[PDB]
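Note that these values count all heavy atoms, side chains included, but never hydrogens, waters or copies made by symmetry. Letters go in sequence order (proteins before strands), and every chain restarts at 1.
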Amino acid sequence: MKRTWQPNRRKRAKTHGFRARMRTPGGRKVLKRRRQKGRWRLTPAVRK
Amino acid sequence: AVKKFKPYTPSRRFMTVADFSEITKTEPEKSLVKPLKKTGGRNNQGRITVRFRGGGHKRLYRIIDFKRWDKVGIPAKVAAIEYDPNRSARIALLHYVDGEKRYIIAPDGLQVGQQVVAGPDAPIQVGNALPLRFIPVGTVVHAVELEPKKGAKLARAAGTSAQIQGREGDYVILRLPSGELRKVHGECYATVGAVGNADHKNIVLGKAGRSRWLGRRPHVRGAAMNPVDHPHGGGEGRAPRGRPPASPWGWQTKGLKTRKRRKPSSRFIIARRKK
RNA sequence: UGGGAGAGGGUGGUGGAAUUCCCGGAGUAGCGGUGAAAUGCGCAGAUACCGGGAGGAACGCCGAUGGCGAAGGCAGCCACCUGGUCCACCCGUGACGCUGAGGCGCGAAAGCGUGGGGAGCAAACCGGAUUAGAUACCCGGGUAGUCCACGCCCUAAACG
RNA sequence: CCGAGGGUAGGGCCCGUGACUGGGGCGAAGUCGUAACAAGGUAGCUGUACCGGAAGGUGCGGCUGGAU
RNA sequence: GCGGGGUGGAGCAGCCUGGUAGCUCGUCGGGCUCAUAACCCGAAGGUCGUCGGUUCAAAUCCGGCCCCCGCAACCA
RNA sequence: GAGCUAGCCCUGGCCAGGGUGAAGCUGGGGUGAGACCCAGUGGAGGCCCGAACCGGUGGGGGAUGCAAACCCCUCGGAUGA
RNA sequence: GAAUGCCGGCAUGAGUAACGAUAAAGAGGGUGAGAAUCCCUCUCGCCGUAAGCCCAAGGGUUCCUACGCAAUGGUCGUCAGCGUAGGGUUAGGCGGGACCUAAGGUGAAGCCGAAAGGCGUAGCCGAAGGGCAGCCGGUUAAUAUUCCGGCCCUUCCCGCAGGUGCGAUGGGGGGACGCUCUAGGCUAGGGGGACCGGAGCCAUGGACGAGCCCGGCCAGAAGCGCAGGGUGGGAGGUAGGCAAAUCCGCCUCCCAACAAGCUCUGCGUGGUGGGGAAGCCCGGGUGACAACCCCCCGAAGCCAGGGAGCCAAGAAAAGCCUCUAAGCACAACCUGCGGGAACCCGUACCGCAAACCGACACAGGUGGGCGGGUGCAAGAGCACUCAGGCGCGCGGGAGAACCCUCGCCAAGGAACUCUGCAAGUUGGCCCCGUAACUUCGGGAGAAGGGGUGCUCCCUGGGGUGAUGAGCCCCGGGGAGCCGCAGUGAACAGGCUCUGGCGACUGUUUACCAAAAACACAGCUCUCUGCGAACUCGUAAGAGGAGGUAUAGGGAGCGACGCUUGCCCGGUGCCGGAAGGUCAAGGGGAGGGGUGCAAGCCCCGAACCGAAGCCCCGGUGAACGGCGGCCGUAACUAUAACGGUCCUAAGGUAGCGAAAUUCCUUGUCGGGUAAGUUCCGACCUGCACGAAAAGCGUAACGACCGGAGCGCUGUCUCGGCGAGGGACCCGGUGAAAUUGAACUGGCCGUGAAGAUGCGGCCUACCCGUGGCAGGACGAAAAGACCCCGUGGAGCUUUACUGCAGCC
RNA sequence: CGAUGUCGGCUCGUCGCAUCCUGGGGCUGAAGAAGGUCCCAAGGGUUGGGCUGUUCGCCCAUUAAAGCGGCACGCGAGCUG
Ligand SMILES: CC(=O)c1cccc(N[C@H]2[C@H](N)[C@@](NC(=O)N(C)C)([C@H](C)O)[C@@](C)(O)[C@@]2(O)COC(=O)c2c(C)cccc2O)c1
Ligand SMILES: [K+]
Ligand SMILES: [Mg+2]
Ligand SMILES: [Mg+2]
Ligand SMILES: [Mg+2]
Ligand SMILES: [Mg+2]
Ligand SMILES: [Mg+2]
Ligand SMILES: [Mg+2]
Ligand SMILES: [Mg+2]
Ligand SMILES: [Mg+2]
Ligand SMILES: [Mg+2]
Ligand SMILES: [Mg+2]
Ligand SMILES: [Mg+2]
Ligand SMILES: [Mg+2]
Ligand SMILES: [Mg+2]
Ligand SMILES: [Mg+2]
Ligand SMILES: [Mg+2]
Ligand SMILES: [Mg+2]
Ligand SMILES: [Mg+2]
Ligand SMILES: [Mg+2]
Ligand SMILES: [Mg+2]
Ligand SMILES: [Mg+2]
Ligand SMILES: [Mg+2]
Ligand SMILES: [Mg+2]
Ligand SMILES: [Mg+2]
Ligand SMILES: [Mg+2]
Ligand SMILES: [Mg+2]
Ligand SMILES: [Mg+2]
Ligand SMILES: [Mg+2]
Ligand SMILES: [Mg+2]
Ligand SMILES: [Mg+2]
Ligand SMILES: [Mg+2]
Ligand SMILES: [Mg+2]
Ligand SMILES: [Mg+2]
Ligand SMILES: [Mg+2]
Ligand SMILES: [Mg+2]
Ligand SMILES: [Mg+2]
Ligand SMILES: [Mg+2]
Ligand SMILES: [Mg+2]
Ligand SMILES: [Mg+2]
Ligand SMILES: [Mg+2]
Ligand SMILES: [Mg+2]
Ligand SMILES: [Mg+2]
Ligand SMILES: [Mg+2]
Ligand SMILES: [Mg+2]
Ligand SMILES: [Mg+2]
Ligand SMILES: [Mg+2]
Ligand SMILES: [Mg+2]
Ligand SMILES: [Mg+2]
Ligand SMILES: [Mg+2]
Ligand SMILES: [Mg+2]
Ligand SMILES: [Mg+2]
Ligand SMILES: [Mg+2]
Ligand SMILES: [Mg+2]
Ligand SMILES: [Mg+2]
Ligand SMILES: [Mg+2]
Ligand SMILES: [Mg+2]
Ligand SMILES: [Mg+2]
Ligand SMILES: [Mg+2]
Ligand SMILES: [Mg+2]
Ligand SMILES: [Mg+2]
Ligand SMILES: [Mg+2]
Ligand SMILES: [Mg+2]
Ligand SMILES: [Mg+2]
Ligand SMILES: [Mg+2]
Ligand SMILES: [Mg+2]
Ligand SMILES: [Mg+2]
Ligand SMILES: [Mg+2]
Ligand SMILES: [Mg+2]
Ligand SMILES: [Mg+2]
Ligand SMILES: [Mg+2]
Ligand SMILES: [Mg+2]
Ligand SMILES: [Mg+2]
Ligand SMILES: [Mg+2]
Ligand SMILES: [Mg+2]
Ligand SMILES: [Mg+2]
Ligand SMILES: [Mg+2]
Ligand SMILES: [Mg+2]
Ligand SMILES: [Mg+2]
Ligand SMILES: [Mg+2]
Ligand SMILES: [Mg+2]
Ligand SMILES: [Mg+2]
Ligand SMILES: [Mg+2]
Ligand SMILES: [Mg+2]
Ligand SMILES: [Mg+2]
Ligand SMILES: [Mg+2]
Ligand SMILES: [Mg+2]
Ligand SMILES: [Mg+2]
Ligand SMILES: [Mg+2]
Ligand SMILES: [Mg+2]
Ligand SMILES: [Mg+2]
Ligand SMILES: [Mg+2]
Ligand SMILES: [Mg+2]
Ligand SMILES: [Mg+2]
Ligand SMILES: [Mg+2]
Ligand SMILES: [Mg+2]
Ligand SMILES: [Mg+2]
Ligand SMILES: [Mg+2]
Ligand SMILES: [Mg+2]
Ligand SMILES: [Mg+2]
Ligand SMILES: [Mg+2]
Ligand SMILES: [Mg+2]
Ligand SMILES: [Mg+2]
Ligand SMILES: [Mg+2]
Ligand SMILES: [Mg+2]
Ligand SMILES: [Mg+2]
Ligand SMILES: [Mg+2]
Ligand SMILES: [Mg+2]
Ligand SMILES: [Mg+2]
Ligand SMILES: [Mg+2]
Ligand SMILES: [Mg+2]
Ligand SMILES: [Mg+2]
Ligand SMILES: [Mg+2]
Ligand SMILES: [Mg+2]
Ligand SMILES: [Mg+2]
Ligand SMILES: [Mg+2]
Ligand SMILES: [Mg+2]
Ligand SMILES: [Mg+2]
Ligand SMILES: [Mg+2]
Ligand SMILES: [Mg+2]
Ligand SMILES: [Mg+2]
Ligand SMILES: [Mg+2]
Ligand SMILES: [Mg+2]
Ligand SMILES: [Mg+2]
Ligand SMILES: [Mg+2]
Ligand SMILES: [Mg+2]
Ligand SMILES: [Mg+2]
Ligand SMILES: [Mg+2]
Ligand SMILES: [Mg+2]
Ligand SMILES: [Mg+2]
Ligand SMILES: [Mg+2]
Ligand SMILES: [Mg+2]
Ligand SMILES: [Mg+2]
Ligand SMILES: [Mg+2]
Ligand SMILES: [Mg+2]
Ligand SMILES: [Mg+2]
Ligand SMILES: [Mg+2]
Ligand SMILES: [Mg+2]
Ligand SMILES: [Mg+2]
Ligand SMILES: [Mg+2]
Ligand SMILES: [Mg+2]
Ligand SMILES: [Mg+2]
Ligand SMILES: [Mg+2]
Ligand SMILES: [Mg+2]
Ligand SMILES: [Mg+2]
Ligand SMILES: [Mg+2]
Ligand SMILES: [Mg+2]
Ligand SMILES: [Mg+2]
Ligand SMILES: [Mg+2]
Ligand SMILES: [Mg+2]
Ligand SMILES: [Mg+2]
Ligand SMILES: [Mg+2]
Ligand SMILES: [Mg+2]
Ligand SMILES: [Mg+2]
Ligand SMILES: [Mg+2]
Ligand SMILES: [Mg+2]
Ligand SMILES: [Mg+2]
Ligand SMILES: [Mg+2]
Ligand SMILES: [Mg+2]
Ligand SMILES: [Mg+2]
Ligand SMILES: [Mg+2]
Ligand SMILES: [Mg+2]
Ligand SMILES: [Mg+2]
Ligand SMILES: [Mg+2]
Ligand SMILES: [Mg+2]
Ligand SMILES: [Mg+2]
Ligand SMILES: [Mg+2]
Ligand SMILES: [Mg+2]
Ligand SMILES: [Mg+2]
Ligand SMILES: [Mg+2]
Ligand SMILES: [Mg+2]
Ligand SMILES: [Mg+2]
Ligand SMILES: [Mg+2]
Ligand SMILES: [Mg+2]
Ligand SMILES: [Mg+2]
Ligand SMILES: [Mg+2]
Ligand SMILES: [Mg+2]
Ligand SMILES: [Mg+2]
Ligand SMILES: [Mg+2]
Ligand SMILES: [Mg+2]
Ligand SMILES: [Mg+2]
Ligand SMILES: [Mg+2]
Ligand SMILES: [Mg+2]
Ligand SMILES: [Mg+2]
Ligand SMILES: [Mg+2]
Ligand SMILES: [Mg+2]
Ligand SMILES: [Mg+2]
Ligand SMILES: [Mg+2]
Ligand SMILES: [Mg+2]
Ligand SMILES: [Mg+2]
Ligand SMILES: [Mg+2]
Ligand SMILES: [Mg+2]
Ligand SMILES: [Mg+2]
Ligand SMILES: [Mg+2]
Ligand SMILES: [Mg+2]
Ligand SMILES: [Mg+2]
Ligand SMILES: [Mg+2]
Ligand SMILES: [Mg+2]
Ligand SMILES: [Mg+2]
Ligand SMILES: [Mg+2]
Ligand SMILES: [Mg+2]
Ligand SMILES: [Mg+2]
Ligand SMILES: [Mg+2]
Ligand SMILES: [Mg+2]
Ligand SMILES: [Mg+2]
Ligand SMILES: [Mg+2]
Ligand SMILES: [Mg+2]
Ligand SMILES: [Mg+2]
Ligand SMILES: [Mg+2]
Ligand SMILES: [Mg+2]
Ligand SMILES: [Mg+2]
Ligand SMILES: [Mg+2]
Ligand SMILES: [Mg+2]
Ligand SMILES: [Mg+2]
Ligand SMILES: [Mg+2]
Ligand SMILES: [Mg+2]
Ligand SMILES: [Mg+2]
Ligand SMILES: [Mg+2]
Ligand SMILES: [Mg+2]
Ligand SMILES: [Mg+2]
Ligand SMILES: [Mg+2]
């Protein structure tokens, strides 16, 4: 049946993307934390 | 009038539709229409603030002239009478001799082809607009400004009218559609005559679908809900109110008056409404 | 052809008297109601009086044993639209007439549907009396309805 | 081929019968009240409407077959 | 299982707050009436469901027995 | 976090074929005029039958599954809320 | 040594279940160490409104070629979407961007918020909508509207010529719009041809034929032709379109108008360029100088911004055209022609699936277009089949039980069972025919019935053409033929009577309930006079609504019919400048502390003093509520009648053993051989009753009762048969569970149900197929119950606060 | 209570005997026939249907008879629900 993951490149980028994160106080703390933890990706991989 | 149907489906049985007899023009002035931004009862927060709304037929807003003192003394011919989906009343197209074209709501018996005008000196005749101070006591009247230059506010719905009852100082005394007795300032414009399409209220929607076409989504009773939802929610099997009948938000809904007591306009309302 | 009287009918308008309610005024110990009372209303200022307003319904005197209509029925006043009917003249048509099973229309009140309207009155209903009782008669309230528009109902001591 | 009639299916009219139910007629001396006839003690009657144990009551309009 | 009830012939007060039994109707006698009802004047009839106790004193307070009504009897 | 799901907003798309035959219109009849009757024309509808599509009624299977909701048969809606 | 401990390893179950749609295989020939599994050929089967083809998402090298087979692949593997390497994606015209706007987002100005931030006109961003110029063929192992060929086109820049008041982010027009139905004419597509082209072919009884088989086109500028869309022309006035305006709008005048003219598309034609089959040879050659013609059917597509009808009344902005303002009129712009210039990103491949979403090469999910033929009334249905694509990545035998899916069945026919559950029956079209009841539409496919193929003959009408031939569509009539049977296969209602509930189509517990539940048109009450009420928000701001009492919020009821009684004492709400109570504050009688005193300081009575409450009224489609005992009629029985207590008032009409009735299977009647259910009645209604509506009601229902007909493997009562498994052999090979086990019966005993203790009995050792009585078998630290001064949701006249409102 | 699945039905039985029938008896208010009552006897047998979820019961039509109990109210790793 219709499952929950329905990939959409625009959706992905517009929701979890770098510019979404930077626009919001909480979005920025995510970047700060993932940077502090040393994540190789700060933001979901989407091919634009 | 209102027109019936033969019962050839269960719904056509009771359904009735307006006769549209008075209509003479079936598409609007391109220069006088703009798109009506449908809300779905949602506010700028995105939240529903008026329950049960949405999904009605698409509509263009017809810009209406609710001022009239805009064009004192300049006469106009009544070009057509048209359908307006945004209000109960019908509307009349006016071709001013100015060249300018405007919409007004069409008073009862207003005739396509006749002449109307606005100002202190206008003849007391259907379609004319005058400050209330110049309109003879006893005349039925509509599209009444409530305060000078602020726009026609009162008696705009189909078949409605306010009647001038008398004068006092700079104010005139009106009997509103609701039956309330109110002082309105004499400089306030008003159009003489009642609003047309009085048979509006006699329309029988006939089926649920018709509500849906008007953007009216189903209303679900409080008694039909759960306690998390509503004062009347819950109960094993059916239940009476079991408390004074209340709104979804808890306030009482049979009798509880709700207009602010200390409202400044109280000084201008002579007698609370009719029946 | 020329004239007549008339609440005949339909529409639009409109006049004053009275009731009720509202407002201002002035005023105080009761008012109302009956066979008698009580319920009811009244010092939160009623009744009685003056002024202003709102609204509905009905048209006093004229008015009669009167008039008009086929009947039911028709009454302030104005205008318009319309029917019936009588008199005179003795001009025209030349029996073109009487009645009338069916059919069709009209048809008081009450009642019914949709909308409006609602002052007074008032089935139902409530209360106070009376009474053995009083689901009555009397008294105080009172909703349909009584009024308008449209559509139904089609009854009658619709009687001379 | 037609054909008495047999069969299948469904209608129509009539008669009989039916738990129960509706009022009707009648029946020597039952209970309740007293609506009508004398203004019958609220003149009666009336079409309609609503109400009431019952006669009846009341509203609206009508009739005199009532007033004396 | 819990609550209330029993008192002239009928239906109800009095019980809680011990002493003092009342109200309407019914019944009986007498009036009015030609007569009955209505109405008016008088009168009788309850020792209080029963037994036991408390008390100077019990319809009344406390217990047992008879009854008479209500309410309850849920989770499987 | 509304890429599942619920509502709404904007902009697009889809719904084989068959059936029934409303209003109106035309003519005829009818009458003082009407109402109205008949025929033809017409093509309405949360109308009917039924694919796509949307469902998920009953039963059977499956039950360490093909599948953490599926499969077969049957069934609802299918111009509409 | 234990914690259903944690991490890891390795056992058991076990060579067991399984190897993922029952569309299906067989052989020959290659290759290789090795072949059911790779390649080739022939035969067989399956999909064909797809299981074929093309897009868009998403995926991201999986594409092509060489070399490989450790692992991945449910077996095998020489093969592969796997490993290694090399190669492969070409655009002014396709898509997106250097264009436009939609919701929405963002946001100069401005508004608001402790901070973070929230909002907000314009503007900007935002597309699968608007707008915009490329078609046919050829080529690669792999890209192609991109490369090549042929024929077309767009914009930008510069120049030349001609024309003009040129000029805009401003004014105006236009773009520009719904649903259903639909005319004319075309194209796409398809059918036939005795016509044109073509290798060949004559079999097995016959046919050298008007035989069979194959094919008979594609694109194309200017011009022309056919069909259509769009559009009046002139002049005078002019205050309106936030300046101006010759434009547009309004008035007047002349002209002409299902036309015309002008303009714009579609289709046909068209110089030119391409394509071009079967078959037979080795994807290529040939065929072939291939032919390329007529007839019919014909779109949902095109002309398209067409027409009609309807109500629910159907985006914006740019491109474009016109108007003028600054300006500028050596400039500028329009038309024509020429040369030049023309960027960025995508392009491979999968794409209803082994490459996407589902942990898997997973019977699930996934938007748009094309989707051939024949027959069946139609069609995208159904059977077969074209093009094309497949046989589903374990096989080989066997022919048990039992399971699944399927077929048939003697006599009976619901006797099955909670229940006709299930499965039969019926079944399309044509005609005849069709009841109660009804809101007049319906009930209706009611019920029930007849027909249905093939052949010959006669005949009617329509389409195209021409008015005829042919082709195509719709019929009528007569005579015959055959079989068990003519919708001969496939797809395709069983029906009726009578209740309950809900009027109805709809909606719902994704994943145990589809319903009588929710919704619904409609009815009533109530708030709301507009800066409305109400809702979200601390606010600004929004929604309500660019609406205005015929409107908007809340509540109950639920089409429609006939109706909806009595109670206002309590709660609610509504009205009531009196009175009572009442907080802060006002007032300060009279005290008190301190000081030598002026003074400073503290308590403080009467009174005045809001809402709220009290108090007085109203109010039921507001919350709600609507009695008890005793007696009484000339047979009895019963009680129209009376008495008395109590209430705020004592349940009206209608209905009633009911979706409600305890006693209860009440009683009687119906139906049945027999009826705790059903239906109709009665009424001591434990415990109906009038908008938590009452009683009815045509139609409707995958709702729940009861009955009958039809028909049946449901059953008496089972039998046989098919396929897929189960079984055997080769390949691969799990699982929960498991203290260890050398793990019998009885009767006892034991913590009360013993393989394990006692006594007796029985019993050689080990498996395989089966059945499920036990191992208080597995699973899940019972979901019931209780306990915990454990939690959570929900309620209220529990307590105590808070928002909000006064 | 770190789970002993709970009514009835269906299927499949097996056992007890306080015996429903069949067999053997004594007493009888046993004439015969048919009964009553008690004793011995568990080998075999003990029907089909209507109603209800029902066990049970009542009813219909039969019968030699239409027995009563246990087996976790026997039996859901056997089915139903
Ligand atoms: C004095 C008087 O007229 C009076 C007195 C007492 C009572 C009554 N009752 C009268 C009672 N109020 C009565 N009439 C009434 O009020 N009127 C204004 C006429 C009733 C309400 O309709 C009546 C008809 O019962 C009554 O008129 C007749 O009763 C008697 O006449 C009456 C009775 C019944 C008993 C004794 C005397 C009577 O008159 C009246
Ligand atoms: K429980
Ligand atoms: Mg999606
Ligand atoms: Mg996207
Ligand atoms: Mg997205
Ligand atoms: Mg982003
Ligand atoms: Mg790194
Ligand atoms: Mg992130
Ligand atoms: Mg209608
Ligand atoms: Mg109109
Ligand atoms: Mg516009
Ligand atoms: Mg916003
Ligand atoms: Mg936001
Ligand atoms: Mg709201
Ligand atoms: Mg809403
Ligand atoms: Mg309108
Ligand atoms: Mg609408
Ligand atoms: Mg609702
Ligand atoms: Mg509820
Ligand atoms: Mg609920
Ligand atoms: Mg919630
Ligand atoms: Mg609540
Ligand atoms: Mg409740
Ligand atoms: Mg409830
Ligand atoms: Mg209940
Ligand atoms: Mg309740
Ligand atoms: Mg309550
Ligand atoms: Mg409340
Ligand atoms: Mg409020
Ligand atoms: Mg008011
Ligand atoms: Mg005073
Ligand atoms: Mg003469
Ligand atoms: Mg009449
Ligand atoms: Mg009348
Ligand atoms: Mg009547
Ligand atoms: Mg009336
Ligand atoms: Mg008397
Ligand atoms: Mg009495
Ligand atoms: Mg009244
Ligand atoms: Mg015979
Ligand atoms: Mg009398
Ligand atoms: Mg009388
Ligand atoms: Mg009398
Ligand atoms: Mg009398
Ligand atoms: Mg009585
Ligand atoms: Mg009365
Ligand atoms: Mg006890
Ligand atoms: Mg006492
Ligand atoms: Mg005491
Ligand atoms: Mg005492
Ligand atoms: Mg005598
Ligand atoms: Mg004593
Ligand atoms: Mg004593
Ligand atoms: Mg409980
Ligand atoms: Mg989404
Ligand atoms: Mg499609
Ligand atoms: Mg027709
Ligand atoms: Mg005619
Ligand atoms: Mg339909
Ligand atoms: Mg299913
Ligand atoms: Mg689904
Ligand atoms: Mg089935
Ligand atoms: Mg499952
Ligand atoms: Mg399935
Ligand atoms: Mg199926
Ligand atoms: Mg179906
Ligand atoms: Mg259908
Ligand atoms: Mg359809
Ligand atoms: Mg729609
Ligand atoms: Mg230890
Ligand atoms: Mg473990
Ligand atoms: Mg092993
Ligand atoms: Mg083995
Ligand atoms: Mg095993
Ligand atoms: Mg196996
Ligand atoms: Mg499998
Ligand atoms: Mg191999
Ligand atoms: Mg091999
Ligand atoms: Mg091969
Ligand atoms: Mg096909
Ligand atoms: Mg097929
Ligand atoms: Mg991937
Ligand atoms: Mg390998
Ligand atoms: Mg190898
Ligand atoms: Mg290998
Ligand atoms: Mg492997
Ligand atoms: Mg392998
Ligand atoms: Mg696999
Ligand atoms: Mg090799
Ligand atoms: Mg490649
Ligand atoms: Mg190019
Ligand atoms: Mg550039
Ligand atoms: Mg752009
Ligand atoms: Mg933009
Ligand atoms: Mg600022
Ligand atoms: Mg943009
Ligand atoms: Mg954006
Ligand atoms: Mg775009
Ligand atoms: Mg558009
Ligand atoms: Mg483009
Ligand atoms: Mg081209
Ligand atoms: Mg190459
Ligand atoms: Mg210019
Ligand atoms: Mg411009
Ligand atoms: Mg538009
Ligand atoms: Mg073409
Ligand atoms: Mg064809
Ligand atoms: Mg040849
Ligand atoms: Mg001008
Ligand atoms: Mg200007
Ligand atoms: Mg070739
Ligand atoms: Mg050649
Ligand atoms: Mg059009
Ligand atoms: Mg429409
Ligand atoms: Mg200048
Ligand atoms: Mg110059
Ligand atoms: Mg030019
Ligand atoms: Mg660039
Ligand atoms: Mg490419
Ligand atoms: Mg693939
Ligand atoms: Mg596979
Ligand atoms: Mg798959
Ligand atoms: Mg097709
Ligand atoms: Mg067919
Ligand atoms: Mg296969
Ligand atoms: Mg396989
Ligand atoms: Mg075998
Ligand atoms: Mg058989
Ligand atoms: Mg049968
Ligand atoms: Mg049979
Ligand atoms: Mg049966
Ligand atoms: Mg049944
Ligand atoms: Mg069948
Ligand atoms: Mg069939
Ligand atoms: Mg019938
Ligand atoms: Mg009918
Ligand atoms: Mg049939
Ligand atoms: Mg044949
Ligand atoms: Mg069918
Ligand atoms: Mg029933
Ligand atoms: Mg329903
Ligand atoms: Mg329902
Ligand atoms: Mg109902
Ligand atoms: Mg309904
Ligand atoms: Mg539907
Ligand atoms: Mg569910
Ligand atoms: Mg659930
Ligand atoms: Mg769930
Ligand atoms: Mg469920
Ligand atoms: Mg289910
Ligand atoms: Mg469901
Ligand atoms: Mg359903
Ligand atoms: Mg629901
Ligand atoms: Mg209603
Ligand atoms: Mg808030
Ligand atoms: Mg707030
Ligand atoms: Mg707005
Ligand atoms: Mg509004
Ligand atoms: Mg509302
Ligand atoms: Mg509802
Ligand atoms: Mg009350
Ligand atoms: Mg009160
Ligand atoms: Mg009250
Ligand atoms: Mg103070
Ligand atoms: Mg009553
Ligand atoms: Mg009963
Ligand atoms: Mg019964
Ligand atoms: Mg019964
Ligand atoms: Mg009950
Ligand atoms: Mg019962
Ligand atoms: Mg019963
Ligand atoms: Mg019972
Ligand atoms: Mg019985
Ligand atoms: Mg019987
Ligand atoms: Mg039942
Ligand atoms: Mg019954
Ligand atoms: Mg009884
Ligand atoms: Mg009820
Ligand atoms: Mg209620
Ligand atoms: Mg009912
Ligand atoms: Mg019905
Ligand atoms: Mg009816
Ligand atoms: Mg239904
Ligand atoms: Mg249903
Ligand atoms: Mg069988
Ligand atoms: Mg087999
Ligand atoms: Mg394991
Ligand atoms: Mg051992
Ligand atoms: Mg023991
Ligand atoms: Mg033992
Ligand atoms: Mg041991
Ligand atoms: Mg031992
Ligand atoms: Mg031992
Ligand atoms: Mg031993
Ligand atoms: Mg032994
Ligand atoms: Mg076992
Ligand atoms: Mg066991
Ligand atoms: Mg489990
Ligand atoms: Mg536990
Ligand atoms: Mg648990
Ligand atoms: Mg505690
Ligand atoms: Mg404790
Ligand atoms: Mg704890
Ligand atoms: Mg706690
Ligand atoms: Mg809590
Ligand atoms: Mg336990
Ligand atoms: Mg365990
Ligand atoms: Mg347990
Ligand atoms: Mg366990
Ligand atoms: Mg004997
Ligand atoms: Mg035996
Ligand atoms: Mg039984
Ligand atoms: Mg029983
Ligand atoms: Mg015997
Ligand atoms: Mg037991
Ligand atoms: Mg058991
Ligand atoms: Mg058991
Ligand atoms: Mg089980
Ligand atoms: Mg069981
Ligand atoms: Mg078990
Ligand atoms: Mg077990």
Let me know, please, whether B:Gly41 or A:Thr4 comes out on the 5' side of the other along RNA chain F by nearest nucleotide.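 Residue closer to the 5' terminus by nearest nucleotide: A:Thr4.
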
Who does G:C195 pair with, Watson-Crick or G-U, both distances under 3.5 Å?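 Across any shown strand, G:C195 pairs with G:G216.
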
Considering only the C1' atoms, how many Å lie between G:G314 and G:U180, rounded to the nearest integer?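 Their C1' atoms lie roughly 14 Å apart.
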
Based on the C1'-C2'-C3'-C4' torsion angle, does the furanose ring of G:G782 adopt a north or a south pucker?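 Taking the sign of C1'-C2'-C3'-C4' as the criterion, G:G782 has a south sugar, on the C2'-endo side.
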
Just to be sure I understand the rule, does [X] reach a base, reach only the sugar-phosphate, or reach nothing, if contact means heavy atoms closer than 4.0 Å?
X: B:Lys30; result: base
X: B:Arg210; result: sugar-phosphate
X: A:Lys2; result: sugar-phosphate
X: B:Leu256; result: sugar-phosphate
X: B:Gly255; result: sugar-phosphate
X: B:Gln252; result: sugar-phosphate
X: B:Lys37; result: sugar-phosphate
X: A:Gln6; result: base
X: B:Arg238; result: base
X: B:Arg221; result: base
X: B:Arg156; result: base
X: B:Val220; result: sugar-phosphate

Using atom types as modelled and distance alone, determine if a side-chain donor or acceptor of B:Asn226 lies under 3.5 Å from a backbone N or O of B:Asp229.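 Between the backbone of B:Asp229 and the side chain of B:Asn226 there is no qualifying donor-acceptor contact (under 3.5 Å).
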
Does the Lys NZ or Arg CZ of B:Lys101 fall within the cation-pi geometry relative to B:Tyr96 - under 6.0 Å from the ring centre and within 45° of the axis?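 So B:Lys101 doesn't make the cation-pi contact.
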
Side-chain donor/acceptor contact of B:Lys254 with base of G:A555 under 3.5 Å: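 By the distance-only test, yes, there is a pair.
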
Applying ring pair (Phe, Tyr, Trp, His ring centres under 6.0 Å), which residue pairs with at least one partner in residues 6-40 of chain A are found, sequence neighbours left out?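 Non-adjacent pairs meeting ring pair (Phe, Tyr, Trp, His ring centres under 6.0 Å): zero.
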
Parallel, tilted or perpendicular, as decided by the 30° and 60° cut-offs, for the rings of B:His185 and B:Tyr171: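 Ring orientation of B:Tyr171 relative to B:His185: perpendicular.
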
